[PDB]
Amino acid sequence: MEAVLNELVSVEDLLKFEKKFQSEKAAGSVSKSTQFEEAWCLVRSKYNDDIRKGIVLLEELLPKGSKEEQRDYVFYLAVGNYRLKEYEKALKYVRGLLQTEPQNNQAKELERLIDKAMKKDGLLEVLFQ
C-alpha cells in the first residue's frame, strides 16, 4: 500500500459511503451496521474531533450489541482512545476484550502498543541527554 495511493482510494471509498449514509438517513433509517461503519471511518480521521465523534457513536452502540458486535465496538474504542493518546481509557477497553478472548492476537498487539506509548518507550529526547 503506497501511502499516497492509500489516501486516494480512501477518499473514493469515503464518497461512496457518504452516498450510502446520506441515502439511508434521508430514508429515515440509520442502522447499527451503517453507524458502525461511520464510526470506523471517523476513528481513522486525521482530526481529533472526528475520532471523538466515532467514540461517542461506538459507546452508544455498545449496550445494544451482540457479543460478536461488542468485540468490534470495544476493539475500535481502544483504537480510537489510543489515537487520542487517552491511554488509560484505551487500556481499559483492550483489557476488557482480552478478558473475553485472551488469545486474540490483534488485541494483544494493541495492548502492547498502548503500553509502550504510555511508558514512552522509544521517546527520543532521552537518547540525546
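The first residue of the sequence shown is number 1, and the count goes up from there.
Mean C-alpha B-factor is higher over 18-26 than over the other stretch, the pair under comparison being 106-114 and 18-26. The question of which stretch, 96-104 or 80-88, has the higher mean Cα B factor is settled in favour of 96-104. Sort the modelled residues of the chain by CA B factor and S31 lands in the highest third. Split the chain's modelled residues into thirds by C-alpha temperature factor. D72 is in the middle one.
Per-chain ranking of the deposited C-alpha B factor places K64 in the highest third.
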